[PDB]
Amino acid sequence: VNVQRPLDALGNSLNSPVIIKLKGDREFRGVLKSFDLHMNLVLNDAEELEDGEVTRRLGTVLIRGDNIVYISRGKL
Amino acid sequence: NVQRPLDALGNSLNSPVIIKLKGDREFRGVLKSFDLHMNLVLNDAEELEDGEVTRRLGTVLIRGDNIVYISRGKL
Amino acid sequence: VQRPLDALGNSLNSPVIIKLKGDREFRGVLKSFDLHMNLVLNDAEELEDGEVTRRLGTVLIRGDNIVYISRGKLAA
Amino acid sequence: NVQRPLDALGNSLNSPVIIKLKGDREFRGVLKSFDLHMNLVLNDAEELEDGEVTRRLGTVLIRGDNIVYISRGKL
Amino acid sequence: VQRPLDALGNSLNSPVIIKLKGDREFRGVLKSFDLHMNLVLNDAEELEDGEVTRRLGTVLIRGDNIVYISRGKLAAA
Amino acid sequence: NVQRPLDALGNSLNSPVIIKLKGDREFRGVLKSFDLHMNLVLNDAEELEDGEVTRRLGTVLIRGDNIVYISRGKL
Amino acid sequence: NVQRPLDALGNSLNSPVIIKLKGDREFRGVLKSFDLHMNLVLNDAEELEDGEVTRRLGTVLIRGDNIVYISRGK
Ligand SMILES: O=c1ccn([C@@H]2O[C@H](COP(=O)(O)O)[C@@H](O)[C@H]2O)c(=O)[nH]1
Ligand SMILES: O=c1ccn([C@@H]2O[C@H](COP(=O)(O)O)[C@@H](O)[C@H]2O)c(=O)[nH]1
Ligand SMILES: O=c1ccn([C@@H]2O[C@H](CO)[C@@H](O)[C@H]2O)c(=O)[nH]1
Ligand SMILES: O=c1ccn([C@@H]2O[C@H](CO)[C@@H](O)[C@H]2O)c(=O)[nH]1
Ligand SMILES: O=c1ccn([C@@H]2O[C@H](CO)[C@@H](O)[C@H]2O)c(=O)[nH]1
Ligand SMILES: O=c1ccn([C@@H]2O[C@H](CO)[C@@H](O)[C@H]2O)c(=O)[nH]1
Ligand SMILES: O=c1ccn([C@@H]2O[C@H](CO)[C@@H](O)[C@H]2O)c(=O)[nH]1
């Protein structure tokens with residue numbers, strides 16, 4: 001039982017809102033639909049935020065894992 | 001269900017997409033094919049800047065390591 | 001003496017400081033990690049030069065962004 | 001089910017292409033061959049800067065990791 | 001002659017200097033390392049421009065940030 | 001019939017080449033050998049800047065990941 | 001009969017060399033060993049920051065992925 005590895009723990013967020021910070025300072029929010037071991041992700045109803053402003057609505061999007069800094073839980 | 005990201009990408013073949021690259025370039029076009037490295041081939045592609053078409057390229061091969069995200073966007 | 005990734009096991013459930021490429025810093029409790037150095041922290045906070053820029057809660061950090069990991073001190 | 005990207009690139013062999021590299025740099029030439037890393041060999045290659053030719057290089061081997069995209073040239 | 005990573009073993013338990021990409025630098029006692037060059041330092045301190053910016057205690061440094069590793073000096077006395 | 005890039009490079013052994021690196025450094029010398037990572041050994045190597053020889057290095061080993069492209073020097 | 005690059009590098013063992021790094025740092029010293037990643041150990045190492053000595057290091061282990069080129073010194 002003693003603690004899931006990080007990529008297994010990530011599965012606990014499937015179908016939940018998440019916050020993704022990317023290299024280069026970009027930030028996105030959306031519902032996590034799937035991921036793989038490279039940390040590539042597919043999000044639904046995604047938006048890109050900038051200085052607290054939604055600067056773009058990305059709909060369903062695939063984010064390439066090597067651009068990611070961190071993934072955290074979003075409002076909800 | 002829910003396919004892994006690279007399998008789910010198959011559902012976008014023949015759909016219009018928006019590709020954002022590292023370093024800010026953006027491309028819009030119809031996804032024709034892809035592979036495991038995320039290398040992509042788009043038809044009727046154009047490069048954009050600030051919501052502006054700066055170049056019309058037709059069919060282009062995009063190297064996968066340059067990709068930040070692939071979006072299906074909004075109507 | 002344990003190899004680096006095995007010694008890190010010593011910090012599970014302990015407060016840590018994660019310094020990233022770009023000067024961003026995270027402080028939180030280490031819950032798990034994997035061989036790529038991907039990490040899960042609980043009660044995490046993000047910092048931009050001593051200033052707590054955000055309270056994340058549980059967060060997954062991609063290992064390729066890490067510069068170092070050191071011992072921190074727990075919150076209240 | 002169409003060709004994977006690197007298999008489709010084979011249809012441009014002996015044709016004019018535009019190679020965009022990271023850093024606004026760009027090459028034009030006839031595609032002679034390539035490999036799985038996307039390293040390429042171009043004939044009658046010319047390097048460009050802001051639409052203007054900077055150097056005529058002749059045959060050139062370009063390392064794949066420098067590539068942003070490949071498109072066809074109107075040559 | 002030993003290969004680089006094998007010769008590094010001779011520096012275990014000795015003070016070293018770790019120069020990183022971007023110029024920071026760490027000084028401390030080398031406790032262990034692995035084949036990716038990740039390493040563990042005891043009594044570590046971070047420096048920038050030669051001035052110590054913080055004392056970290058025991059630290060795990062990810063290897064791909066390393067430029068070089070050399071030996072450190074002991075206190076002037 | 002169509003030599004892959006790294007096999008074709010072998011045809012430049014012992015001839016003058018020009019190597020452009022990331023960050024715009026440029027070297028010229030006689031290609032002596034190379035490997036699959038594109039690491040190279042050059043004889044009579046010279047570093048160039050702006051267009052002028054800024055350094056004479058003799059025999060040099062260049063690490064492949066720094067390379068942008070390799071082309072033929074002058075006879 | 002030419003040796004592959006990493007094999008040709010063996011010829012410089014126990015000889016003075018110049019190591020130029022990504023960014024721009026430069027080191028001079030005697031090459032003692034290396035591995036397939038191009039990590040190197042130099043003896044009597046000295047760093048040069050634009051034409052001249054800025055730091056004497058003694059023995060140093062340079063990580064291979066930082067290297068741009070290696071040439072014969074002196
Ligand atoms: O689908 C893919 C394939 C590779 N990659 C990246 O390519 C590298 C592949 O190996 P890695 O997953 O162990 O890091 C690494 O930088 C990955 O993030 C993706 O991000 N997505
Ligand atoms: O000790 C190490 C481990 C990896 N590396 C680097 O990591 C990569 C590993 O691939 P390589 O085994 O082909 O050299 C490559 O870019 C290396 O230069 C080092 O330089 N030193
Ligand atoms: O045709 C290819 C081959 C590889 N890569 C990926 O791009 C990076 C280039 O250094 C590698 O990590 C590799 O996974 C591509 O994008 N396209
Ligand atoms: O999910 C993953 C998979 C791999 N890596 C590591 O990060 C680097 C990304 O290029 C690789 O060398 C790999 O070892 C991660 O940080 N996270
Ligand atoms: O001769 C070589 C060796 C490696 N690579 C890089 O190493 C990765 C191997 O998949 C590719 O993405 C590619 O960019 C090259 O471009 N050329
Ligand atoms: O814990 C790790 C795992 C990977 N890497 C780096 O990631 C790449 C994984 O193949 C290597 O080149 C290596 O430099 C590290 O520094 N530390
Ligand atoms: O001596 C070496 C070893 C590796 N590489 C490059 O660094 C990557 C290491 O996995 C490979 O794709 C390879 O092209 C070099 O340039 N030189």
Side-chain angles (χ1 to χ4, degrees), chain A residues 1-23 26-44 46 60-74 76, chain B residues 1-10 34-38 64-65 67-70, chain C residues 3-14 16 18-21 24 26 28-44 46 56-69, chain E residues 34-36 38 60 62-65:
Chain A
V1 73
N2 68 73
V3 172
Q4 303 168 290
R5 289 290 182 176
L7 278 310
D8 287 324
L10 209 188
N12 295 165
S13 286
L14 286 174
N15 297 143
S16 290
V18 288
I19 296 303
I20 312 297
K21 168 64 107 289
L22 298 192
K23 293 170 168 49
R26 313 188 61 176
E27 168 166 308
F28 304 74
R29 324 194 149 200
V31 181
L32 181 68
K33 301 305 304 187
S34 72
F35 63 88
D36 59 26
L37 74 188
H38 299 298
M39 220 181 300
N40 291 137
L41 321 171
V42 173
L43 303 186
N44 272 348
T60 288
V61 62
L62 193 171
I63 293 160
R64 165 182 265 255
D66 66 9
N67 293 272
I68 300 176
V69 180
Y70 70 74
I71 304 177
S72 66
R73 200 61 75 92
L76 195 327
Chain B
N1 77 308
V2 312
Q3 313 146 275
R4 293 284 180 177
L6 280 313
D7 293 327
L9 217 207
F34 63 90
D35 61 25
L36 291 196
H37 299 142
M38 228 185 266
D65 68 299
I67 298 172
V68 173
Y69 64 67
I70 297 170
Chain C
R3 290 288 187 177
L5 301 171
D6 284 331
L8 206 197
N10 295 158
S11 290
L12 284 178
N13 294 312
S14 296
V16 291
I18 316 298
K19 206 313 176 315
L20 308 192
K21 287 162 202 215
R24 184 168 288 161
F26 286 82
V29 178
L30 182 61
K31 298 302 300 177
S32 68
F33 62 87
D34 62 24
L35 302 186
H36 292 308
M37 211 173 295
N38 296 316
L39 308 176
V40 169
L41 311 177
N42 280 163
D43 299 330
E46 181 178 359
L56 301 288
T58 305
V59 57
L60 171 36
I61 304 168
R62 191 163 200 287
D64 69 306
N65 304 93
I66 299 177
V67 172
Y68 68 77
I69 300 179
Chain E
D34 58 32
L35 78 179
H36 296 304
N38 296 315
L60 170 61
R62 192 148 192 289
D64 58 13
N65 293 286

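Numbered from 1 within each chain, the chains take letters A, B, ... in sequence-line order. The figures that follow rest on heavy atoms only: side chains count, while hydrogens, waters and symmetry mates do not.
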Spacing of CG belonging to A:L10 relative to CG belonging to A:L32, to within rounding of 0.5 Å: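 So the gap between those two atoms works out to 6.0 Å.
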Euclidean distance, A:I20 CD1 relative to A:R29 CZ, rounded to 0.5 Å: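 Between A:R29 CZ and A:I20 CD1, I get 10.5 Å after rounding to 0.5 Å.
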Min side-chain heavy-atom separation [X]-[Y] under 4.5 Å:
X	Y	result
C:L60	C:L39	no
A:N12	A:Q4	yes
C:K31	C:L12	no
C:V59	A:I71	no
C:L41	C:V29	no
E:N65	C:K21	yes
C:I61	C:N38	no
B:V68	A:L22	yes

A:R73 side chain to C:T58 side chain, donor-acceptor N/O pair below 3.5 angstrom: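 No, C:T58 and A:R73 have no side-chain donor paired with an acceptor closer than 3.5 Å.
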Check: C:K19/C:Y68 side-chain N/O donor and acceptor closer than 3.5 Å: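 No pair is found: no donor N or O on one side chain lies under 3.5 Å from an acceptor on the other.
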Residue pair A:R5 / C:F33: nearest heavy atoms and the distance that separates them: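 Heavy atoms only, the tightest pair is NH1-O, 2.8 Å.
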Residues in salt bridge (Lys or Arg N to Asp or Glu O under 4.0 Å) contact with C:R62, at least two apart in sequence or another chain: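 So C:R62 forms a salt bridge (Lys or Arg N to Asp or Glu O under 4.0 Å) with C:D64.
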By side chain to side chain contact (heavy atoms under 4.5 Å, CB included) - contacts of C:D6 (at least two apart):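 With sequence neighbours excluded, C:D6 shows a side chain to side chain contact (heavy atoms under 4.5 Å, CB included) to C:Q2, C:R3, given in chain and number order.
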Listed partners of A:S34 passing side chain to side chain contact (heavy atoms under 4.5 Å, CB included), at least two apart: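 Expected list: A:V42, B:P5.
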